[PDB]
>>> print(open('coords_36.cif').read())   # mmCIF, C-alpha atoms (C1' of nucleotides)
data_coords
loop_
_atom_site.group_PDB
_atom_site.id
_atom_site.type_symbol
_atom_site.label_atom_id
_atom_site.label_comp_id
_atom_site.auth_asym_id
_atom_site.auth_seq_id
_atom_site.Cartn_x
_atom_site.Cartn_y
_atom_site.Cartn_z
ATOM 1 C CA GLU A 3 0.000 0.000 0.000
ATOM 2 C CA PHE A 4 2.378 2.718 1.225
ATOM 3 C CA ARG A 5 5.898 2.358 -0.176
ATOM 4 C CA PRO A 6 9.185 3.915 1.197
ATOM 5 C CA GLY A 7 9.107 7.398 -0.317
ATOM 6 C CA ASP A 8 5.464 7.526 -1.270
ATOM 7 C CA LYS A 9 4.627 11.224 -1.013
ATOM 8 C CA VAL A 10 1.268 11.393 0.814
ATOM 9 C CA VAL A 11 -0.530 13.644 3.297
ATOM 10 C CA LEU A 12 -1.299 12.597 6.913
ATOM 11 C CA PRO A 13 -4.191 14.850 8.045
ATOM 12 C CA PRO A 14 -5.063 17.002 10.003
ATOM 13 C CA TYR A 15 -1.509 18.232 10.682
ATOM 14 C CA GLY A 16 -0.704 18.858 7.021
ATOM 15 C CA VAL A 17 1.329 17.698 4.035
ATOM 16 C CA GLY A 18 4.591 15.823 4.366
ATOM 17 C CA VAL A 19 6.478 12.801 3.126
ATOM 18 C CA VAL A 20 6.311 9.437 4.974
ATOM 19 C CA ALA A 21 9.344 7.356 5.703
ATOM 20 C CA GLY A 22 9.204 3.585 5.494
ATOM 21 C CA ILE A 23 8.329 0.619 7.716
ATOM 22 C CA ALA A 24 9.406 0.192 11.375
ATOM 23 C CA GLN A 25 8.684 -2.031 14.380
ATOM 24 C CA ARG A 26 7.708 0.192 17.306
ATOM 25 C CA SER A 27 7.025 -1.498 20.632
ATOM 26 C CA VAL A 28 3.305 -1.180 21.363
ATOM 27 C CA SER A 29 1.277 -3.509 23.607
ATOM 28 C CA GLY A 30 2.374 -7.045 22.682
ATOM 29 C CA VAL A 31 4.489 -8.242 19.723
ATOM 30 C CA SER A 32 5.735 -5.271 17.659
ATOM 31 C CA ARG A 33 3.440 -4.418 14.748
ATOM 32 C CA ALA A 34 4.742 -2.867 11.532
ATOM 33 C CA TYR A 35 4.314 0.890 11.216
ATOM 34 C CA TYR A 36 4.833 3.487 8.575
ATOM 35 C CA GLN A 37 7.301 6.015 9.865
ATOM 36 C CA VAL A 38 5.829 9.014 8.096
ATOM 37 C CA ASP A 39 7.678 12.335 7.956
ATOM 38 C CA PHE A 40 6.476 15.960 7.574
ATOM 39 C CA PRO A 41 8.252 18.946 5.944
ATOM 40 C CA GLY A 42 8.563 21.882 8.393
ATOM 41 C CA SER A 43 7.754 20.652 11.859
ATOM 42 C CA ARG A 44 10.299 18.228 13.181
ATOM 43 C CA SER A 45 8.442 15.291 14.617
ATOM 44 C CA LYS A 46 8.162 11.685 13.472
ATOM 45 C CA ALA A 47 4.953 9.693 13.078
ATOM 46 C CA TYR A 48 4.035 5.993 13.133
ATOM 47 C CA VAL A 49 0.935 4.840 11.210
ATOM 48 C CA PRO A 50 -0.387 1.272 11.729
ATOM 49 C CA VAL A 51 0.052 -0.876 8.619
ATOM 50 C CA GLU A 52 -3.124 -2.696 9.682
ATOM 51 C CA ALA A 53 -5.587 -0.318 8.036
ATOM 52 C CA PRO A 54 -3.667 2.852 7.064
ATOM 53 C CA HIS A 55 -6.185 3.772 4.342
ATOM 54 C CA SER A 56 -9.152 3.830 6.765
ATOM 55 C CA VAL A 57 -7.257 5.489 9.637
ATOM 56 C CA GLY A 58 -6.999 8.830 7.876
ATOM 57 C CA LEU A 59 -3.626 8.298 6.221
ATOM 58 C CA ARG A 60 -4.437 8.946 2.598
ATOM 59 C CA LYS A 61 -2.739 9.714 -0.680
ATOM 60 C CA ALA A 62 -1.995 13.075 -2.252
ATOM 61 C CA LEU A 63 -3.972 14.524 -5.153
ATOM 62 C CA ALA A 64 -2.314 13.900 -8.515
ATOM 63 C CA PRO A 65 -1.068 16.947 -10.496
ATOM 64 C CA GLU A 66 -4.137 16.440 -12.726
ATOM 65 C CA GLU A 67 -6.717 16.706 -9.885
ATOM 66 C CA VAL A 68 -5.891 20.388 -9.191
ATOM 67 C CA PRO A 69 -8.469 22.040 -11.528
ATOM 68 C CA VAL A 70 -11.407 20.250 -9.929
ATOM 69 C CA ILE A 71 -10.336 21.731 -6.546
ATOM 70 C CA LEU A 72 -9.649 25.239 -7.898
ATOM 71 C CA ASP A 73 -13.130 25.030 -9.422
ATOM 72 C CA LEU A 74 -14.465 23.850 -6.054
ATOM 73 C CA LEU A 75 -12.987 27.144 -4.824
ATOM 74 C CA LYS A 76 -13.948 29.759 -7.441
ATOM 75 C CA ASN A 77 -17.569 28.661 -7.967
ATOM 76 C CA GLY A 78 -17.759 26.023 -5.216
ATOM 77 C CA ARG A 79 -20.350 26.095 -2.415
ATOM 78 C CA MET A 80 -22.109 23.999 0.273
ATOM 79 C CA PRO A 81 -24.901 24.214 2.901
ATOM 80 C CA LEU A 82 -23.959 25.493 6.373
ATOM 81 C CA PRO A 83 -25.843 25.460 9.733
ATOM 82 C CA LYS A 84 -27.878 28.474 10.897
ATOM 83 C CA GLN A 85 -26.812 28.663 14.565
ATOM 84 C CA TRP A 86 -23.192 29.813 14.838
ATOM 85 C CA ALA A 87 -22.355 26.876 17.136
ATOM 86 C CA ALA A 88 -23.200 24.072 14.694
ATOM 87 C CA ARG A 89 -21.610 26.055 11.845
ATOM 88 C CA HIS A 90 -18.301 26.254 13.714
ATOM 89 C CA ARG A 91 -18.709 22.544 14.539
ATOM 90 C CA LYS A 92 -19.031 21.508 10.890
ATOM 91 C CA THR A 93 -16.178 23.786 9.839
ATOM 92 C CA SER A 94 -13.967 22.094 12.440
ATOM 93 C CA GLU A 95 -15.181 18.640 11.239
ATOM 94 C CA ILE A 96 -14.302 19.195 7.592
ATOM 95 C CA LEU A 97 -11.015 20.700 8.827
ATOM 96 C CA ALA A 98 -10.524 17.363 10.615
ATOM 97 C CA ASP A 99 -11.360 14.702 7.992
ATOM 98 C CA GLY A 100 -8.705 15.867 5.517
ATOM 99 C CA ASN A 101 -10.857 15.239 2.461
ATOM 100 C CA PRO A 102 -9.450 17.735 -0.085
ATOM 101 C CA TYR A 103 -12.624 18.038 -2.176
ATOM 102 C CA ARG A 104 -14.754 18.599 0.930
ATOM 103 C CA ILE A 105 -12.379 21.195 2.413
ATOM 104 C CA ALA A 106 -12.132 23.033 -0.927
ATOM 105 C CA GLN A 107 -15.950 23.096 -1.152
ATOM 106 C CA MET A 108 -16.390 24.409 2.416
ATOM 107 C CA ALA A 109 -13.766 27.082 1.746
ATOM 108 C CA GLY A 110 -15.798 27.845 -1.367
ATOM 109 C CA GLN A 111 -19.114 28.741 0.271
ATOM 110 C CA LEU A 112 -17.326 30.328 3.255
ATOM 111 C CA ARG A 113 -15.160 32.528 1.011
ATOM 112 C CA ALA A 114 -18.290 33.293 -1.013
ATOM 113 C CA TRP A 115 -19.751 34.629 2.237
ATOM 114 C CA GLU A 116 -16.679 36.672 3.251
ATOM 115 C CA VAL A 117 -16.845 38.748 0.058
ATOM 116 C CA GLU A 118 -20.634 39.262 0.140
ATOM 117 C CA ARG A 119 -22.490 39.573 3.472
ATOM 118 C CA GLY A 120 -19.476 39.361 5.792
ATOM 119 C CA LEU A 121 -17.648 36.837 7.966
ATOM 120 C CA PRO A 122 -17.303 36.447 11.762
ATOM 121 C CA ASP A 123 -13.947 36.246 13.585
ATOM 122 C CA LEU A 124 -14.500 32.472 13.888
ATOM 123 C CA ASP A 125 -15.710 31.213 10.491
ATOM 124 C CA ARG A 126 -12.945 33.295 8.878
ATOM 125 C CA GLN A 127 -10.211 31.710 11.019
ATOM 126 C CA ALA A 128 -11.383 28.258 9.910
ATOM 127 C CA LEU A 129 -11.668 29.577 6.346
ATOM 128 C CA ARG A 130 -8.010 30.644 6.359
ATOM 129 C CA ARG A 131 -7.158 27.261 7.876
ATOM 130 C CA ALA A 132 -8.797 25.643 4.844
ATOM 131 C CA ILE A 133 -7.074 27.936 2.317
ATOM 132 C CA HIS A 134 -3.696 27.209 3.982
ATOM 133 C CA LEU A 135 -4.116 23.415 3.979
ATOM 134 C CA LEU A 136 -5.216 23.702 0.352
ATOM 135 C CA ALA A 137 -2.013 25.698 -0.292
ATOM 136 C CA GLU A 138 -0.033 22.880 1.323
ATOM 137 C CA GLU A 139 -1.291 19.966 -0.800
ATOM 138 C CA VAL A 140 -1.516 22.036 -4.012
ATOM 139 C CA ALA A 141 2.118 22.908 -3.310
ATOM 140 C CA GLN A 142 2.960 19.218 -2.745
ATOM 141 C CA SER A 143 1.236 17.824 -5.853
ATOM 142 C CA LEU A 144 2.323 20.475 -8.345
ATOM 143 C CA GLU A 145 5.893 20.552 -6.976
ATOM 144 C CA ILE A 146 5.782 24.315 -6.349
ATOM 145 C CA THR A 147 6.473 26.555 -3.329
ATOM 146 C CA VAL A 148 3.477 27.770 -1.283
ATOM 147 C CA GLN A 149 3.623 31.128 -3.115
ATOM 148 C CA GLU A 150 2.591 29.707 -6.494
ATOM 149 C CA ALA A 151 -0.126 27.526 -4.942
ATOM 150 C CA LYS A 152 -1.670 30.424 -3.002
ATOM 151 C CA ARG A 153 -1.333 32.312 -6.286
ATOM 152 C CA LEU A 154 -3.371 29.596 -7.998
ATOM 153 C CA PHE A 155 -6.010 30.169 -5.319
ATOM 154 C CA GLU A 156 -5.744 33.950 -5.881
ATOM 155 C CA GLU A 157 -6.099 33.171 -9.601
ATOM 156 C CA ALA A 158 -9.474 31.544 -8.901
ATOM 157 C CA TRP A 159 -10.718 34.878 -7.516
ATOM 158 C CA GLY A 160 -8.314 37.820 -7.869
ATOM 159 C "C1'" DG B 1 -14.511 19.080 88.781
ATOM 160 C "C1'" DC B 2 -10.544 16.367 84.874
ATOM 161 C "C1'" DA B 3 -8.232 16.006 80.386
ATOM 162 C "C1'" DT B 4 -8.573 18.478 75.878
ATOM 163 C "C1'" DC B 5 -9.208 21.772 72.367
ATOM 164 C "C1'" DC B 6 -9.883 27.201 69.658
ATOM 165 C "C1'" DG B 7 -7.802 31.692 70.833
ATOM 166 C "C1'" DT B 8 -4.020 35.485 71.506
ATOM 167 C "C1'" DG B 9 0.987 36.709 71.994
ATOM 168 C "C1'" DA B 10 5.968 36.950 70.981
ATOM 169 C "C1'" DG B 11 11.871 43.334 70.831
ATOM 170 C "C1'" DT B 12 14.094 48.248 69.212
ATOM 171 C "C1'" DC B 13 15.164 51.244 65.513
ATOM 172 C "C1'" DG B 14 16.979 50.936 60.916
ATOM 173 C "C1'" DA B 15 19.961 49.278 55.668
ATOM 174 C "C1'" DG B 16 18.141 47.609 51.702
ATOM 175 C "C1'" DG B 17 14.676 45.168 48.656
ATOM 176 C "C1'" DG B 18 11.851 45.511 44.902
ATOM 177 C "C1'" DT B 19 9.051 45.106 39.901
ATOM 178 C "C1'" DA B 20 4.721 41.123 36.700
ATOM 179 C "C1'" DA B 21 2.076 37.441 33.065
ATOM 180 C "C1'" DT B 22 -4.843 31.753 31.941
ATOM 181 C "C1'" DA B 23 -9.723 30.192 30.628
ATOM 182 C "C1'" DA B 24 -16.120 31.013 24.610
ATOM 183 C "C1'" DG B 25 -18.171 33.784 20.939
ATOM 184 C "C1'" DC B 26 -21.251 36.377 17.713
ATOM 185 C "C1'" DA B 27 -24.890 39.578 16.290
ATOM 186 C "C1'" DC B 28 -26.879 43.732 17.701
ATOM 187 C "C1'" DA B 29 -29.104 47.363 20.425
ATOM 188 C "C1'" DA B 30 -27.871 51.167 23.228
ATOM 189 C "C1'" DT B 31 -25.247 54.757 24.065
ATOM 190 C "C1'" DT B 32 -20.813 57.278 24.253
ATOM 191 C "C1'" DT B 33 -17.479 59.763 22.006
ATOM 192 C "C1'" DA B 34 -15.393 61.802 18.191
ATOM 193 C "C1'" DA B 35 -16.295 64.839 14.120
ATOM 194 C "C1'" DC B 36 -17.785 68.662 12.006
ATOM 195 C "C1'" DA B 37 -20.221 73.014 10.982
ATOM 196 C "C1'" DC B 38 -20.767 77.475 12.301
ATOM 197 C "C1'" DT B 39 -22.447 81.244 15.814
ATOM 198 C "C1'" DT B 40 -20.594 84.144 19.378
ATOM 199 C "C1'" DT B 41 -17.201 85.939 22.581
ATOM 200 C "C1'" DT B 42 -13.380 87.837 23.300
ATOM 201 C "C1'" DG B 43 -8.812 89.636 22.621
ATOM 202 C "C1'" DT B 44 -6.017 92.356 19.136
ATOM 203 C "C1'" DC B 45 -5.295 96.066 15.903
ATOM 204 C "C1'" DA B 46 -5.746 100.511 13.323
ATOM 205 C "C1'" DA B 47 -6.451 104.761 14.751
ATOM 206 C "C1'" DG B 48 -9.584 108.505 17.161
#
>>> encode(input="coords_36.cif", output="structure tokens")
Amino acid sequence: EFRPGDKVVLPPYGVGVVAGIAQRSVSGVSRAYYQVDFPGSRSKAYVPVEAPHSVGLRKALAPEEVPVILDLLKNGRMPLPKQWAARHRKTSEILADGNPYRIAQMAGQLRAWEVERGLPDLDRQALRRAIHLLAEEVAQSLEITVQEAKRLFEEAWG
DNA sequence: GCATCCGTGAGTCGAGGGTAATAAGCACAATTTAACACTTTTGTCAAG
């Protein structure tokens, strides 16, 4: 599944590149792990080889899957709760799962709100969280620095 | 009344020394304060 040098993202923390298989002592007999690394923050990670795909360790969008996300930004939207509580809740949830399409979509309707009616000091924080994570994986897939990715996102709008 | 508890005290002046760090949020109504426009007062000036 995950090979030594597979470049994949391990949400929520952000993008990074894995490293390899290890035996870390946990409970009983040592189970194989993916040592997974990250770019900026210096910390290691160990992801169970049992079910790494269902645990939230997923792949990275191909260089060809960018336009669908940029389009999920420019024109993209989604329904949001009325009460500010539940709204914040859902924003946090999508900012948890790590699903790139979902996060792009959320950022889409949220951003659509910031430029029209207005945005609170909460929903906007989460919005910027989304835009930043987007910048991370669009930087990782397209092999460009965060500047050009955030400039793709600023290309969507202006 | 006989052991066992709360209660109150206990030295003078000084010299310095010192400085510091927890906690939810968002829309909106109600005022407060800052801004601005302009009338009046008052102090100054040219010159009786």
>>> interface_residues(input="coords_36.cif", of="chain A", to="chain B", cutoff="12 Å", atoms="all atoms listed in the file", output="PyMOL selection string")
chain A and resi 85-87+89-90+120-125
>>> closest_residue(input="coords_36.cif", among="A:61, A:26, A:91, A:130", to="residue 110 of chain A", atoms="only C-alpha atoms")
A:130
>>> resolve_selection(input="coords_36.cif", expression="the PyMOL selection byres ((chain A and resi 139-149) around 8)", output="list in words")
residues 11, 16, 17, 62, 63, 64, 65, 68, 135, 136, 137, 138, 150, 151, 152 and 153 of chain A
>>> atom_distance(input="coords_36.cif", atom1="atom CA of residue 9 of chain A", atom2="atom CA of residue 97 of chain A")
20.8 Å
>>> resolve_selection(input="coords_36.cif", expression="the PyMOL selection byres ((chain A and resi 50) around 8)", output="ChimeraX atom specification")
/A:33-36,48-49,51-54
>>> closest_residue(input="coords_36.cif", among="A:82, A:70, A:115, A:19", to="residue 103 of chain A", atoms="only C-alpha atoms")
A:70
>>> atom_distance(input="coords_36.cif", atom1="atom CA of residue 159 of chain A", atom2="atom CA of residue 42 of chain A")
28.2 Å
>>> build_atoms(input="coords_36.cif", residues="segment 59-80 of chain A", atoms="N, CA and C atoms", output="CSV table (one decimal), in the coordinates of the input")
chain,number,residue,atom,x,y,z
A,59,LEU,N,-4.8,8.1,7.0
A,59,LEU,CA,-3.6,8.3,6.2
A,59,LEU,C,-4.0,8.0,4.8
A,60,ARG,N,-4.0,9.1,4.0
A,60,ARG,CA,-4.4,8.9,2.6
A,60,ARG,C,-3.4,9.4,1.6
A,61,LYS,N,-3.7,9.3,0.3
A,61,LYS,CA,-2.7,9.7,-0.7
A,61,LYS,C,-2.8,11.2,-0.9
A,62,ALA,N,-2.0,11.7,-1.9
A,62,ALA,CA,-2.0,13.1,-2.3
A,62,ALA,C,-2.6,13.2,-3.6
A,63,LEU,N,-3.4,14.3,-3.9
A,63,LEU,CA,-4.0,14.5,-5.2
A,63,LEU,C,-2.9,14.5,-6.2
A,64,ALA,N,-3.2,13.9,-7.4
A,64,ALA,CA,-2.3,13.9,-8.5
A,64,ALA,C,-2.2,15.3,-9.1
A,65,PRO,N,-1.2,15.6,-9.9
A,65,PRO,CA,-1.1,16.9,-10.5
A,65,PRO,C,-2.2,17.3,-11.4
A,66,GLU,N,-3.0,16.3,-11.8
A,66,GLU,CA,-4.1,16.4,-12.7
A,66,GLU,C,-5.5,16.7,-12.0
A,67,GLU,N,-5.5,16.5,-10.7
A,67,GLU,CA,-6.7,16.7,-9.9
A,67,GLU,C,-6.8,18.1,-9.3
A,68,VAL,N,-5.9,19.0,-9.7
A,68,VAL,CA,-5.9,20.4,-9.2
A,68,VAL,C,-7.1,21.2,-9.7
A,69,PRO,N,-7.4,21.1,-11.0
A,69,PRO,CA,-8.5,22.0,-11.5
A,69,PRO,C,-9.9,21.8,-10.9
A,70,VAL,N,-10.1,20.6,-10.6
A,70,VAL,CA,-11.4,20.2,-9.9
A,70,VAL,C,-11.5,21.0,-8.6
A,71,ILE,N,-10.4,21.1,-7.9
A,71,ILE,CA,-10.3,21.7,-6.5
A,71,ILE,C,-10.4,23.3,-6.7
A,72,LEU,N,-9.6,23.8,-7.6
A,72,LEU,CA,-9.6,25.2,-7.9
A,72,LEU,C,-11.1,25.7,-8.3
A,73,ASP,N,-11.7,24.8,-9.0
A,73,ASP,CA,-13.1,25.0,-9.4
A,73,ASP,C,-14.1,24.9,-8.2
A,74,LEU,N,-13.7,24.0,-7.3
A,74,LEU,CA,-14.5,23.8,-6.1
A,74,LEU,C,-14.2,25.1,-5.1
A,75,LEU,N,-13.3,25.9,-5.5
A,75,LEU,CA,-13.0,27.1,-4.8
A,75,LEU,C,-13.7,28.3,-5.5
A,76,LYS,N,-13.4,28.6,-6.7
A,76,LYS,CA,-13.9,29.8,-7.4
A,76,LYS,C,-15.5,29.8,-7.4
A,77,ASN,N,-16.1,28.8,-8.0
A,77,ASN,CA,-17.6,28.7,-8.0
A,77,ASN,C,-18.2,27.7,-6.9
A,78,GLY,N,-17.3,27.1,-6.1
A,78,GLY,CA,-17.8,26.0,-5.2
A,78,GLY,C,-18.5,26.5,-4.0
A,79,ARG,N,-19.5,25.7,-3.6
A,79,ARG,CA,-20.4,26.1,-2.4
A,79,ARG,C,-20.9,24.9,-1.7
A,80,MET,N,-21.6,25.1,-0.6
A,80,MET,CA,-22.1,24.0,0.3
A,80,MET,C,-23.0,24.6,1.4
